[PDB]
Structure formats: structure tokens, C-alpha cells
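The chain contents come next:
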Amino acid sequence: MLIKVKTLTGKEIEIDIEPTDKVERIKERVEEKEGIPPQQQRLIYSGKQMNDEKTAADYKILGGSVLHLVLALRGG
Amino acid sequence: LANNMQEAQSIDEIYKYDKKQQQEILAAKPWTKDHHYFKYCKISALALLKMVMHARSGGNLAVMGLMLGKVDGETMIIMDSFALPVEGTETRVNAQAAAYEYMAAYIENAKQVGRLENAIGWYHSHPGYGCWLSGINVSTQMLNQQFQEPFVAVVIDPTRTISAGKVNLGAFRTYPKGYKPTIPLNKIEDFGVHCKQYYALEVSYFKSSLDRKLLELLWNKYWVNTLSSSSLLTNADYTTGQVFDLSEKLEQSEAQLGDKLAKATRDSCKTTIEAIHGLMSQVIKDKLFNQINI
Amino acid sequence: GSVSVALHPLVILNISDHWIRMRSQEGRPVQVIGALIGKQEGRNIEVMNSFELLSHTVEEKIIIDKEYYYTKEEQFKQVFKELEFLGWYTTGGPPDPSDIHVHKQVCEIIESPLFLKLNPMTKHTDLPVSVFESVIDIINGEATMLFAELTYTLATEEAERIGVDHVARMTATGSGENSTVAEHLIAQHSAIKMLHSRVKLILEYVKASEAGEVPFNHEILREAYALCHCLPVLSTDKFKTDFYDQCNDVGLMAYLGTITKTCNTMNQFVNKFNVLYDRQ
């Protein structure tokens, strides 16, 4: 598996996770690849952010899927 | 508009994007070596105008958004700015759910049309709250800089800008963890309690040849304010302050000598050129008006 | 006439940036096409923003992408609420049948589309931006269509005014191969040229009046006399003394400022001489 994770600035990440596996698995893949904290990460596919509670068993990912990774930002 | 060049001018190569050079400079990563690397941020006219308009259109509430561009050498180029669908209070903004989907979709759509630049920074407006990094902007800018290294925090104040007639744009970058390193105290006061945590940058603006050509015919009644310009009178305090800082720089360069002389010479040349331009305008006015019917 | 259109000084900047970026990317100048947005208030149309559009080519025909337009229309409504599609723009000179074909195709989206034309390669001082309105006439047979010329306005927000003034007064955008003296003198040249044109028009009018080929106006002539009896503005001795004082002060500021540059060149020369000529 060579699922691509792309940041908006141009960084590339390659991870290996089976589709039946939980989104927490993707989370900890990017954890052990980069180290961005779990609570400061957002992932987007097909223009819609996925929820943590949806297992990717019935999901429109059949290979070649690119995941847009962003970091939560706040201001004052 | 004649007796000059009309093809691709010397102010248009700044708008050209070279993919190979950007890839090489991203692979090189010269920022990690010297942490005081970036010192200049060049913003397009369109990006600044869009930022100011979006900040003012939000009223008394706070708004936030992204800004695209690239990085070359010691400078960060910010080309375009696109807003975000954020709902913020008078003090804080969140950008909870629809902001990130908007970011991804807008970047993809822009890449579809031909926008070849990547995201280079984020901006957030203080509605009359000065221009400084708050304890939350510092944390989020550190978060962004830790992984997406080319980044910059732009702060804009719409209320103060509209009240005083001058834009207030500040570019800042955060030091990493553990990086410690009659005069007014505003140098420490106008920043938050994290004044030692982040450092500002020199902000400059640029525009294309077509931009300047179209903006030349923007309005045909500022000629009165040019003929009766009254130069060397509205910026005397500016020239005195520049002379004082120039004397300080000269003293520092003299102390060092006993490469710092280059910037002192540049500052002196700039001040003298401004004064000479003012005198030239005054001489032109005198020749035009007072040398008739003598 | 027709529908009063209000143009902001942000659409034109968008078009110019679009044209410059695509010309730089493609190497050679090209044609850019997009879509305007604004508001419709009674009989008033106001254009306040624009976003780029994707267009494909089939031999000679140019086809505007529709799915991308729909996605962009759904996307832009999130940030801007009271903004609706009004017209479409392109960069070019004289009107072309390709433009009319594109307008007819675009007409399927909105009832009364506008037509904003920008001139990036203008060869005169005439206004390069022209707002055209394409109303479907009732001419039978062949569709004889000539877009009516519209006298657009320059309605502008306050922050828009501030930003426009800031970019207009910009001077650091160049100062490279072209001397800053040129940029400083160009503004004075343009202002003097416009003043000279106005006074030349006044001179032509008074020459016509004294010739007798136009009706004699007793009020405008006396106003011209009042204007013409004050060209030597403030020729007092105190003004001359102040002018000489200012000139001397600027001369001193130039002397102190050429001395430092000469000293810097001195330092560079001595540094070079103390390494490439000094015997270790």
C-alpha cells in the first residue's frame, strides 16, 4: 500500500494501510512518519473531511486515493 | 507612454514561476541552518488589496484566510490571497469544519485553472487590536512552521487602517523552542508577553508592468496634488529620523571596522536621493509657475 | 445609459494579474476569460469581484467549461453572500466574432450577461477598459448583434480607496535596471502634460472668441482675465530667500551623503589593495 498524504505546502507522505483498517491507523501512520499531534490534524478526501467514526470498509477509496492533510489554525 | 519599452519589462519576471527552481530550493532547505534566515516578504498589490478589503468587510468581527506564493533565497513572495468561510467572534476565530474543506477545494480548483503557486502563509485580522502575535497565533504559527516550514504570519488591522488612512500589515515568524536570542519601550510593549518568542519581517510590495500601466490611468485629478505637492514639508520628521538612524548605523559600522558599511551607504543614498527628488520637484514647479510674465 | 453599471478598482487588477501571470507562464501573450460577480439593485448593476474560468478549444471554437463554473459558483457563495453572476470578461482589442460566440454560449447561464473588455496591449491614451452590454435585439433574419457601449462608473469602497491609493503611490516596485530618476520625473511630466493640455484648450477657446467664429461670452472672458492676471504667483523677496535656503539645505544634504559613499568606495578599494597587493 502506497497511500499518498499531501500537505498544502507541497510535502509528500507515503503510508501503507489496508482499507478495512481504521482511520486511527492512518492517524498513527502519519504520527510515526512526521509527528503532528492527533488533536491538531485534519484530513480531507474528495473535498469532504472524514469523521473518525467511519470505518473505511464501505468507502469510496479503491486505490490511488490522495489525502489532503492540514493543521488546525486559530487566531486572536 | 512612448520612447520606452512595451514588451516584457524588468518588473514582470517577479510574476514568473519556475517549477525546477522551487523544487530545488525546497529540497535544499537552507532555512534550518541559520534560523534568522527570512527577513523580507514581498506581497503583490492584488494580495494586499484583497486582504485589506476582506479585513474591512468583516466589520468589528475577526476574519482569517490563507495566502499563496513561494520562497526564493532570503525572501518570501506572497502572490494571491483567498479568504475563508470562518465565523469568528470579536476576539477569537476558530475555522472549525468548513474552512479546511474550503482550503483543499480552492487549492485544487486554482491548480485546475493554472494557479501554479502553493500555500505560503496565513493571515488573521485584529479589529482595532493593533498588529502583534497573540498567544494563540504564536502557538498556531509554531504548529505550522514545525512541519510546513515555508510559512509566515501576516496580521492586518482593518479598523486602525481605515481610521488612520494607512495599511497596517505585519509579517512575523516564530523562533523554535528554547531560542532565546529616552528610548521608547514600544519595542517590547506593542508586542505581547511573547515578544521574545517571535520576530518581525521587512514587508515590501510589488506590482507588474500591466498593473502599473493600468493604474497610471486610474484617476485624472491627482495632478493638482502633484503640481502643488509641497514636498520636503510633509516628511521633514521622516528625514530627521532617517538621519538619526543613519548616524547610529554609521557609528556601528565605524565600531565594527576598527560589510556593515554597505547598508549604511545604502540608507544614506536613499535619504539623499529622496531629498534631491524633492528639490528637483520644487525647481520644476518654480520654472513652471513663477518664471512666467516677468 | 441602459443599465447603470458600477465598476470597482479590483476587477481590473484581477484581469491585469490574470493576463500577466498567464503571459509569463506561456511565454507569449494569450487571451484570458473569466466571470464577473456583483449585485442587481433595481435598474443598477454593480460588479465588485471576478474569478477565473476554464475554457477549452475545439478547432476554432472556444467552449466555456460548465461543471467547473458550477463548482466555483457553489464555492464562492460561502464567503460572499450577496454576490451573483453578472457577466464575463476577456482581454482583446476590437470586438471579434469569437467574443460574440462566447457571449451567446454564456447567455445560457444568466438572463442579461455583461461583457467587460480589457486592453492590455493598448497603443493610445484612450481608456483601455470598456464595459459592453449585449441585449438581444429584435432584428429578424440574421442576428445582427452589436454590443452597446456603456459608460461605466468607478464606485469604490473606502478600504478599496485606501488600497488603491497605496498601490498607486508605490515606487519600490522598480528601482532596478530603470533609474529612480526616470520614475520620479515621469509623474511630473504627466502632470505638466495634463496642465498644458488644459491651458491649451483654454487658449484655443479664447483665440476662437477673439476670432469671432463663436458667440461672445462676457463672463467666461472675464474669468479668463482673472485667471491670466495671476501667473506670477507670489514673486516676493521672502519667497526667493526661502527658496534659496531650501536649495542650500538640500545641497548640504547631498554633500553629506556623497561624502559617505566616497568613503565606502574608499574602504572597498583599500580592502582590495590590502589583500591583492599587500605582501602577506
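Residues numbered from 1 in each chain as written, not as in the entry; some residues may be left out. Chains lettered and ligands numbered in written order. Part of a larger assembly, values for the part shown. Heavy atoms only, no water.

Structure determination for this entry is recorded as cryo-EM, at 3.39 Å resolution.

In terms of nonpolar packing, the biggest core is built from 74 residues, with B:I43 and B:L169 touching the most fellow members. For this core, the element with the highest residue contribution is helix 2 (residues 45-57) of chain B, accounting for nine residues. Those residues in contact with B:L169 that lie beyond four places of it in its chain are B:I43, B:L48, B:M51, B:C131, B:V154, B:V155, B:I156, B:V203 and B:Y205. Listed in part, the 49 residues of the second largest apolar core include B:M79, C:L7, C:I33 and C:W88. (Core = buried A, V, L, I, M, F, W, Y, C linked by side-chain atoms within 4.5 Å. Buried < 20%, exposed > 50% of the residue type's maximum accessible area, 1.4 Å probe, protein only. Helix = DSSP H or I, 4+ residues; strand = E, 2+ residues; numbered from the N terminus. Contact = heavy atoms within 4.5 Å.)

Moving on to the packing of aromatic side chains. All told, the structure shown has 21 aromatic pairs over all chains when counted by the stated rule. Measuring from centroid to centroid gives 5.8 Å for C:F239 and C:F243, while their planes differ by 20 degrees, and the two rings are stacked. You can see C:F239 and its partner C:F243 sitting in helix 7 (residues 237-276), four residues apart, about one turn around the helix. We note B:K42 situated over the ring of B:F206; from NZ or CZ to the ring centre the distance is 5.3 Å. Above the ring of C:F51, the side-chain terminus of C:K72 is found at 5.6 Å from the ring centroid. (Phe/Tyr/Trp six-rings, centres within 6.5 Å; stacked < 30°, edge-to-face > 60°. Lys NZ or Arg CZ within 6 Å of the ring centre and 35° of its normal.)

Another point: the sheet that holds strand 2 (residues 34-41) of chain C. All names here are of chain C. With respect to topology, four strands assemble into an open sheet ordered 1-3-2-6, the strand pairing being mixed. Every interior strand has two partners, whereas the edge strands, strand 1 (4-7) and strand 6 (84-85), have only one. With four bridges joining them, strand 1 and strand 3 (residues 44-52) adopt parallel strand pairing. Bridging from a neighbouring strand, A6 pairs with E46 of strand 3. Contacting strand 1, strand 2 and strand 3, helix 1 (residues 11-26) crosses the sheet at an angle of about 25 degrees to strand 3. (Pairing = 2+ DSSP bridges. Axes fitted to C-alpha atoms, helices over the stretch in contact; angles between N-to-C directions.)

Take helix 2 (residues 67-79) of chain C next. Residues of helix 2 of chain C that are buried include every one of C:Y68, C:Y69, C:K72, C:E73, C:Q75, C:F76 and C:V79, and no others. Looking at the buried residues of helix 2 of chain C, the elements they touch are strand 3 (75-83) and helix 3 (98-113) of chain B together with strand 2, strand 3 and strand 6 of chain C.

So, on to unusual backbone geometry. Residue and element names in this part refer to chain B. Its identity is not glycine, yet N3 carries a phi of approximately 55 degrees, on the positive side. With respect to the helices and strands, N3 occurs in the segment before helix 1 (19-28). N3 gets classed as exposed once you look at its relative accessible area, which sits at 84%. Even without a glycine there, the phi angle at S230 is positive, about 55 degrees.

Attention now moves to the pattern of salt bridges. Residues and elements named next belong to chain B. Applying the stated rule across the entire model yields 17 salt bridges over all chains. Across the pair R160 and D157 runs a salt bridge, and its minimum N-O distance is 3.4 Å. Judged by its relative accessible area of 36%, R160 falls in the partly exposed class. When its relative accessible area of 0% is taken as the criterion, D157 is described as buried. (Salt bridge = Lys/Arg side-chain N within 4 Å of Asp/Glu carboxyl O.)

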